[PDB]
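Residue numbers (the authors' numbering), protein chains in the order written: chain PA, 444 to 447; chain AA, 1 to 222.
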Ligand SMILES: [Cl-]
């Protein structure tokens, strides 16, 4: 998942 | 039995926190973290490994660069490939590029990997206590995780089965005096030292496999  | 708490950062097994930026490569940061601790255990030297090497070259093992992947497919690649370069020789740029794997720049190897029985938090506790940092997948798709700052993270919306993010368990412990309650897994993330607690997060432990931490754990055999 990617950091917002 | 097993120790009441473990923290491999305190023994030199863990490199500083890195940042995957806008690339779906957490799987690679998790895989290099686990390989970094094992090579350290074996040689006494801590050397940052190349996530880029993994992103660019392991498509054959079933990884998809910045579009996702899995830690086990990455240990499988280091094994089929016979090696893995250092960060210093194959820098991270956060985009899918040409495989530039160079054997002369290899600083790690593995013969395969060991899996932790899925869903078994006590099997995981055992692997963390006796081996070193362990690669794990978790469910990180939550605002509370993006905004996490301190304390034990516990999010009701978390899933133990549908996971989307690879991380590294560097240890475990508890808060207070009773070693048996208020427990947590010590987890290294790859969103930079600025996210969370200096780049880490404490995830509720022995609370029904919270966020799926023990659903898919593995570590390389060096
Ligand atoms: Cl990712």
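Don't be surprised by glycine CBs; every beta carbon is placed ideally from N, CA and C.
What are the residues of the stretch 30-62 of chain AA that lie near chain PA, defined by any Cβ-Cβ distance shorter than 8 Å?
Interface annotation for the stretch 30-62 of chain AA against chain PA: empty, criterion Cβ-Cβ distance under 8 Å.
Is any beta-carbon of chain PA found at less than 7 Å from that of residue 185 of chain AA?
No, because no Cβ of chain PA sits closer than 7 Å to the Cβ of residue 185 of chain AA.
Host beta strand (DSSP E) of residue 115 of chain AA (start-end):
First-last of the beta strand (DSSP E) with residue 115 of chain AA: 113-115.
Based on the DSSP secondary-structure assignment, which residues constitute the bridge partners of residue 220 of chain AA?
Paired residue(s): AA/113.
According to the Cβ coordinates, are residue 186 of chain AA and residue 30 of chain AA closer than 7 Å?
Cβ distance not < 7 Å, so residue 186 of chain AA and residue 30 of chain AA don't count as in contact.
Taking the straight line between their C-alpha atoms, what separation do you get for residue 122 of chain AA and residue 49 of chain AA?
Distance between the alpha carbons of residue 122 of chain AA and residue 49 of chain AA: 29 Å.
DSSP state of residue 143 of chain AA mapped onto helix, strand, coil:
Of the three classes helix, strand and coil, the one that applies to residue 143 of chain AA here is helix, per DSSP.
Who's in the neighbourhood of ligand 1, going by beta-carbon under 7 Å from any heavy atom, listed in chain order?
Selection output, chain order preserved: PA/444, PA/445, AA/20, AA/24, AA/25, AA/26, AA/27, AA/68, AA/165, AA/166.
Using 10 angstroms around the beta-carbon of residue 147 of chain AA, count the other beta-carbons present and answer buried if the total reaches 16, otherwise exposed.
Residue 147 of chain AA is exposed by the Cβ-count criterion.
Which whole-angstrom value is the C-beta distance of residue 134 of chain AA and residue 219 of chain AA, which I expect to be below 8 Å?
Their Cβ separation, rounded to whole angstroms, is 5 Å, which keeps residue 134 of chain AA and residue 219 of chain AA in contact under 8 Å.
Should residue 82 of chain AA go down as buried or exposed, given a rule of 16 or more other Cβ atoms within 10 Å for buried?
With a 10 Å radius around the Cβ and a threshold of 16 neighbouring Cβ atoms, residue 82 of chain AA comes out exposed.
Kindly indicate the opening and closing residues of the beta strand (DSSP E) around residue 100 of chain AA.
Residue 100 of chain AA -> no beta strand (DSSP E), and no H or E assigned at all.
I'd like the span of the alpha helix (DSSP H) that includes residue 55 of chain AA, first residue to last.
In the DSSP assignment, residue 55 of chain AA falls within the unbroken alpha helix (DSSP H) covering 51-57.
How would you list, in chain order, the residues of chain PA whose beta-carbon sits under 9 Å from the beta-carbon of residue 140 of chain AA?
444, listed in chain order.
Own chain partners of residue 42 of chain AA with C-beta closer than 6 Å, once the 5 adjacent residues on each side are dropped:
Counting only Cβ-Cβ distances below 6 Å, and skipping sequence neighbours, we find 222.
By the 10 Å Cβ neighbour count, where 16 or more other Cβ atoms means buried, how is residue 88 of chain AA classified, buried or exposed?
Here residue 88 of chain AA is exposed. Its C-beta has fewer than 16 other C-beta atoms within 10 Å.
From the beta carbon of residue 210 of chain AA, is the nearest beta carbon of chain PA less than 7 Å away?
Judged by the 7 Å Cβ criterion, residue 210 of chain AA is not in contact with chain PA.
Unbroken beta strand (DSSP E) run spanning residue 106 of chain AA, endpoints
Taken as a continuous stretch (DSSP letters only), the beta strand (DSSP E) holding residue 106 of chain AA covers 106-108.
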